[PDB]
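Notes follow the structure.
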Amino acid sequence: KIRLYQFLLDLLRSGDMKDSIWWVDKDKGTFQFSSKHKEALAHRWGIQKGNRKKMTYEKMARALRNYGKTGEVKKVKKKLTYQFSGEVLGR
DNA sequence: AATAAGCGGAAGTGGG
DNA sequence: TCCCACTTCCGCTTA
Ligand code: NA
Ligand code: NA
């Protein structure tokens with residue numbers, strides 16, 4: 001099954017949830033979630049994964065924080081903003 | 001207070 | 001056995 005960072009990168013490339021997520025600086029790999037429309041994107045992640053419970057942004061962001069140590073995604077000190085690593089972007 | 005983003009320890013689930 | 005890659009739950013902090 002697809003990994004969360006790849007799910008997000010695929011959405012950003014396809015543009016299918018443009019009102020929920022967007023690039024801030026695609027060259028740097030920085031992206032930002034919609035304050036009002038992030039939950040619809042979280043819901044789609046959980047359904048794609050076939051999880052038992054409804055997915056929420058809180059739980060999705062709990063998973064995102066676990067990438068901080070390995071580096072695929074880092075939190076940026078801006079509201080709802082994160083950054084993919086160069087390695088993730090290159091693939 | 002009400003709302004919201006952010007945090008992470010701990011334990012549970014999946015598929016190796 | 002025991003790690004993967006999250007998921008779920010809970011309590012806390014800051015604005
Ligand atoms: Na967040
Ligand atoms: Na929030």
Side-chain angles (χ1 to χ4, degrees), chain A residues 2-90:
Chain A
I2 187 173
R3 296 190 64 176
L4 175 56
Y5 72 83
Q6 190 62 52
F7 169 82
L8 298 174
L9 185 56
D10 293 340
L11 283 182
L12 283 160
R13 295 206 180 113
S14 77
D16 197 49
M17 301 195 78
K18 276 179 194 87
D19 301 325
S20 299
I21 194 177
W22 49 79
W23 292 115
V24 176
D25 184 335
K26 59 190 150 180
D27 285 40
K28 297 181 185 168
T30 54
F31 60 98
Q32 179 180 46
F33 295 97
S34 171
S35 176
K36 277 278 287 185
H37 305 298
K38 62 196 187 295
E39 294 296 343
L41 179 158
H43 292 343
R44 173 176 178 164
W45 170 235
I47 287 167
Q48 185 164 132
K49 282 290 299 292
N51 295 331
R52 173 180 52 244
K53 309 274 178 175
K54 180 189 83 184
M55 175 59 59
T56 64
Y57 180 80
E58 159 105 294
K59 287 188 289 186
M60 194 184 69
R62 181 71 187 79
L64 284 180
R65 287 193 294 283
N66 288 336
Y67 290 131
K69 205 171 176 301
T70 50
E72 291 92 340
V73 183
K74 292 193 164 186
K75 187 76 177 63
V76 173
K77 299 287 205 187
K78 297 283 184 170
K79 196 170 291 306
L80 294 166
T81 307
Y82 294 81
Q83 184 172 19
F84 297 112
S85 67
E87 290 80 356
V88 167
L89 295 169

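Letters A, B, ... are given to chains in the order of the sequence lines, protein chains preceding strands, and every chain is numbered from 1. What you see below is based on every heavy atom in this structure, not just the backbone, and it leaves out hydrogens, waters and symmetry mates.
Residue A/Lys79 places none of its side-chain N or O atoms closer than 4.0 Å to OP1 or OP2 of B/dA4. Between A/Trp45 and C/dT7, a side-chain N or O to OP1/OP2 separation shorter than 4.0 Å is present. Taking side-chain N and O atoms only, A/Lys49 has a distance below 4.0 Å to OP1 or OP2 of C/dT7. Using a 4.0 Å cut-off, some side-chain N or O of A/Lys59 falls inside it from OP1 or OP2 of C/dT8. Distances shorter than 4.0 Å separate none of the side-chain N or O atoms of A/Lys38 from OP1 or OP2 on B/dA4. Between C/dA5 and A/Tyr5, no contact under 4.0 Å exists linking OP1 or OP2 to a side-chain N or O. For A/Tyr67, a side-chain nitrogen or oxygen approaches OP1 or OP2 of C/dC6 to under 4.0 Å.
In this structure, the side chain of A/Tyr5 does not engage the main chain of A/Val88 through any donor-acceptor pair within 3.5 Å. Checked by atom type and distance alone, the side chain of A/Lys75 pairs as donor or acceptor with a backbone atom of A/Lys78 at under 3.5 Å. Proximity of a side-chain donor or acceptor of A/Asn51 to a complementary backbone N or O of A/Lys53 within less than 3.5 Å is not detected. A distance-only check finds no donor-acceptor pair linking the side chain of A/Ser20 to the backbone of A/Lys18 [under 3.5 Å].
Partner assigned to C/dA15 is B/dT3, using Watson-Crick or G-U wobble distances below 3.5 angstrom. Across all strands shown, B/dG14 remains unpaired; no Watson-Crick or G-U wobble contact has both distances below 3.5 Å.
One can place CG of A/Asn66 at 14 Å from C1' of C/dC3, the figure rounded to the nearest angstrom. If you take CG of A/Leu4 and P of C/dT7, they are 7 Å apart, rounded to a whole angstrom. Put simply, CG on A/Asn51 is 17 Å from P on B/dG12, counting in whole angstrom units. The distance from atom OH of A/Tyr57 to atom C1' of B/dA4 is 11 Å, rounded to the nearest whole Å. One can place CG of A/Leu64 at 15 Å from P of C/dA5, the figure rounded to the nearest angstrom. Atom CE in A/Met60 sits about 17 Å away from atom P in C/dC9, given to the nearest Å. Atom CZ of A/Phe33 is separated from atom P of B/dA5 by 12 Å (rounded to the nearest Å). Straight-line distance from the CG atom of A/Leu8 to the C1' atom of C/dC6: 13 Å, rounded to whole Å.
Side-chain atoms of A/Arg62 stay outside donor-acceptor range of the base of B/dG6, with no qualifying N/O pair under 3.5 Å. In this model, no side-chain donor or acceptor of A/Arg65 finds a partner on the base of B/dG6 within 3.5 Å. Taking 3.5 Å as the limit, the base of B/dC7 and the side chain of A/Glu58 contain a donor-acceptor pair of atoms between them.
Centroid-to-centroid, the aromatic rings of A/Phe31 and A/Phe84 come within less than 6.0 Å.
Remark on DNA chain B: of its neighbouring residues A/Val76 and A/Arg52, the 5'-side contact belongs to A/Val76, judged by nearest-heavy-atom nucleotide.
In this structure, A/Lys78 reaches the sugar-phosphate backbone alone: every heavy-atom distance under 4.0 Å involves primed, P, OP1 or OP2 atoms, never a base.
For A/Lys75, taking side-chain heavy atoms from C-beta onward, the closest of the listed nucleotides B/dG6, C/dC6, C/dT8 is B/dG6. Picking from B/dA4, B/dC7, C/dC6 the nucleotide with the shortest atom distance to the side chain of A/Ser35 gives B/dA4.
Because its NZ or CZ atom is not both nearer than 6.0 Å to the ring centre of A/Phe33 and within 45° of the ring axis, A/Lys38 does not count as a cation-pi partner of that residue.
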